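Below is one structure, written out as structure tokens; comments come after it.
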Ligand SMILES: NC(=O)c1ccc[n+]([C@@H]2O[C@H](COP(=O)([O-])OP(=O)(O)OC[C@H]3O[C@@H](n4cnc5c(N)ncnc54)[C@H](OP(=O)(O)O)[C@@H]3O)[C@@H](O)[C@H]2O)c1
Ligand SMILES: CCc1nc(N)nc(N)c1C#C[C@@H](C)c1cc2c(c(-c3ccc(CC(=O)O)cc3)c1)OCO2
């Protein structure tokens, strides 16, 4: 099972200057629930933006750097290596990896941020006539979660 896992805004912005443009704690909880116990695969720049591996799951980093080596991180050097990872594998980002994999994944867990942010990195365009809506759940707004957002589970038709 190969899935995308992404938060993107109304124009599909996912990042600005190596950071998330927005602060949404509920989306962090969403990611932890989905991916604890499984595998995250991310590009090198996504990994550097996080700083360190995320706990209690396998962290796989794709890079051409043969010197890359981080305690708690498994390194792969080819897209093809992804297809040798067991278990449930989530493509975690960023733009380059999403572009490489959106045509390969079985399904996508998208958090749509219902806002328009300045970005320099984007999720690729997709059309809902390629993807069925398995579920769509509005995120709950409160003091610490103040941007409207929707959790989609899209499965390839
Ligand atoms: N909103 C979200 O859900 C979310 C999630 C993740 C990331 N992001 C954002 O996305 C942005 C970063 O995305 P990005 O496109 O700049 O970078 P990226 O996709 O994270 O990383 C690109 C790097 O990955 C490696 N790579 C990609 N394909 C490869 C291949 N086929 N073989 C070997 N290595 C490969 C290369 O590393 P080397 O150059 O070292 O060889 C390349 O430089 C950040 O702003 C981050 O905040 C957002
Ligand atoms: C949470 C944002 C997000 N949402 C969805 N829908 N899909 C994604 N791919 C990402 C992403 C991402 C990368 C860019 C990133 C950058 C960061 C982060 C975290 C992050 C930190 C803690 C958790 C909670 C956990 O799992 O323990 C989850 C994500 C993740 O924090 C520093 O900057």
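Each position is counted from 1, following the chain as shown.
We read in the header that X-ray crystallography, 1.6 Å was used to get this structure.
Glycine is no exception: its Cβ is also placed from the backbone N, Cα and C atoms.
Taking a C-beta cut-off of under 8 angstroms and a sequence separation of 6 or more, residue 5 (substrate binding site) has the following same-chain neighbours: 31, 34, 35, 40, 90, 91, 92, 108, 109. Reduced to three states, the DSSP call for residue 5 (substrate binding site) is strand. Annotation comment: Swiss-Prot describes 5, 6, 27, 49, 57, 92 as substrate binding site, evidence class a curator's inference.
Here residue 65 (NADP(+) binding site) comes close to 44: these same-chain residues lie at least six apart in sequence, with C-beta atoms under 8 angstroms from its C-beta. According to its DSSP assignment, residue 65 (NADP(+) binding site) is coil. Look at Swiss-Prot and you will find 6-7, 14-19, 43-46, 62-65, 92-97, 100, 121 tagged as NADP(+) binding site, backed by experimental evidence.
Sequence annotations record features per position, and here Swiss-Prot assigns domain 'DHFR' to 1-156.
When the binding-site residues 57, 62, 97 are checked against ligand 2, none has a Cβ within less than 6 Å of one of its atoms. A coil conformation is recorded for residue 94 (NADP(+) binding site) in the three-state DSSP classification, outside any helix or strand. Listed in sequence order, the binding-site residues from 15, 18, 62, 94, 97 having a Cα within 10 Å of the Cα of residue 6 (substrate binding site) are 94.
The C-beta environment of residue 62 (NADP(+) binding site), restricted to residues of the same chain at least 6 apart in sequence and closer than 8 Å, consists of 41, 42, 43, 44, 75, 76, 77, 79, 81, 82, 97. Secondary structure at residue 15 (NADP(+) binding site), as computed by DSSP, is strand.
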